[PDB]
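Worksheet: the structure to be examined is printed underneath.
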Amino acid sequence: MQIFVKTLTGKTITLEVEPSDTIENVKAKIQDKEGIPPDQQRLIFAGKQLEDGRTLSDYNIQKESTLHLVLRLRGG
């Protein structure tokens, strides 16, 4: 499937992944592309922090809205 990643700078970039994919994975993707370390960033979805070891599938059932990820920065 696919997911939309909303950066803090106001930029939007789509990500291709599998529902059985882990978070650490989706992270490794965004990292490699934006050079952002999982430490300086926090993943927020539906007001719930993504577990460093869960699958999107768990987050697929709880499809309250559409697939959109908000990137939070520790700085500022």
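Going by what the header records, the deposited coordinates were determined by solution NMR.
Each Cβ is built from the backbone N, Cα and C atoms, and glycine gets one as well.
Listed features, source Swiss-Prot:
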- 1-76: domain 'Ubiquitin-like 1' (DOMAIN)
- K6: ubiquitin cross-link (CROSSLNK)
- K11: ubiquitin cross-link (CROSSLNK)
- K27: ubiquitin cross-link (CROSSLNK)
- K29: ubiquitin cross-link (CROSSLNK)
- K33: ubiquitin cross-link (CROSSLNK)
- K48: ubiquitin cross-link (CROSSLNK)
- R54: site 'Interacts with activating enzyme' (SITE)
- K63: ubiquitin cross-link (CROSSLNK)
- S65: phosphoserine (MOD_RES)
- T66: (Microbial infection) ADP-ribosylthreonine (MOD_RES)
- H68: site 'Essential for function' (SITE)
- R72: site 'Interacts with activating enzyme' (SITE)
- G76: ADP-ribosylglycine (MOD_RES)
### Task
Count up the helix, strand and coil residues in the domain 'Ubiquitin-like 1' (1-76) according to DSSP, in that order.
18 helix, 25 strand, 33 coil
### the residue listed as '(Microbial infection) ADP-ribosylthreonine' and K6 (ubiquitin cross-link), distance between Cα atoms, whole Å
13
#### Entry: Cβ neighbours of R54 (site 'Interacts with activating enzyme') where a neighbour is any other Cβ within 10 Å
12
### Query
Between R54 (site 'Interacts with activating enzyme') and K29 (ubiquitin cross-link), how far is it from one CA atom to the other, in Å?
16
### Task
Please report how many Å separate the Cα atom of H68 (site 'Essential for function') from that of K29 (ubiquitin cross-link), as a whole number.
15
### Task
Pop the Cα-Cα gap between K27 (ubiquitin cross-link) and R72 (site 'Interacts with activating enzyme') into the table, whole Å please.
13
### Task
Just give me the nearest neighbour of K29 (ubiquitin cross-link) among the recorded positions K11, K48, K63, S65, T66, Cα to Cα.
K11
